[PDB]
Structures are given as structure tokens and as C-alpha cells.
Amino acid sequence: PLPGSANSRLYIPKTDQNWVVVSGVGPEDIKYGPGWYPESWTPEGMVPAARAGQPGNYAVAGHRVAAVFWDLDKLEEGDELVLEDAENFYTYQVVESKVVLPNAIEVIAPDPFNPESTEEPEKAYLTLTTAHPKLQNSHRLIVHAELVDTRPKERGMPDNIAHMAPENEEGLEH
């Protein structure tokens, strides 16, 4: 189909939250909820970002507001984040939460732990970004997580997100 792109869903057990993640991080894109950065940063230029569950860095921006990323500071090392595509649930575990300046575009590099890399990535990360401190725009709060499990959707939802029901049965795909 034309178009034939897919969206994803993000689930956070710790804060009991979930969203459909749209494509893009412009102001209209993330007005109402989180959005995926379509390109990753490298020193040689922007490159296509990892799709959900895939090697590289799937990065998501959301506003620091009640219905979105206000409570991102509650995440700690070890906490799970689940990303869903059309085929799988991908469970990532938080490996770092930190504060950076707003120009720290390196945090969306394919390997945020090696942003100067000129190699194709091997590990799959998830990064969440939002304004910080609360009610300020001076910094960004960054959560990085690493993939620990890939579950085919045929096996049903992970127990700890199975109560997070959608409003409709429309797919993440056309």
C-alpha cells in the first residue's frame, strides 16, 4: 500500500502509561503525545534511525506534561519499557538516566554510548527525551534502555502490560 509505513506503541509499567508513538518530533507531531526521531545523528550527518526493536537507537521525544513524560524521572536502572510493532513486543531495560543540555544531539546517535562511531550499530537501544527540570526548557532528561527480549505477538502481551488496553482495534499498519 502507498503509504505503507507503520507506527508503534510504547508501554511503561512503572508509571502505568502507554501511547501510540507517531513518526516525527516536530511541534505538530508531538503536540498530543510522543514521537519517534526519524533520523539519528552522526558526525558525518543525519542517517535513518532504527525502527522499533532494531539495532541502533530508537529515540522518542515527548512533552514534560501530565499525559506524557512528566514522570520520566521516576524511571531507574533495570525498569522495563515495552515497544510494540506489527509483529513483536520488544522489552528494553533502562541502563542510564541523565540530564543534558538541549543541544546534546549526540544522545540520538545510533550508539549513544559511542556517538562518534562510523560503524553500523549492533545493539538495539531505546531513548526517551523530554524537557528538564520540570516547568523549564533549559535542559533535557534522557533515558537510555537496552533491548533484553523480543516476544512475537502470537504469544500474547507480557503480563505486566496486559491491562493496557487500546480504545480501538485499528492496527499499527495500514
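A residue's number is simply how far along the shown sequence it sits, counting from 1.
In this entry, the higher average B-factor at the C-alpha atoms falls on 36 to 44, of the pair 57 to 65 and 36 to 44.
The stretch 144 to 152 shows the higher mean C-alpha B-factor when 126 to 134 is compared against 144 to 152 in the entry. For residue 12, the recorded CA temperature factor ranks within the middle third of the chain's modelled residues. Ranked by C-alpha B-factor against the other modelled residues of its chain, residue 119 falls in the highest third. The PDB entry assigns residue 21 a C-alpha temperature factor belonging to the lowest third of its chain's modelled residues.
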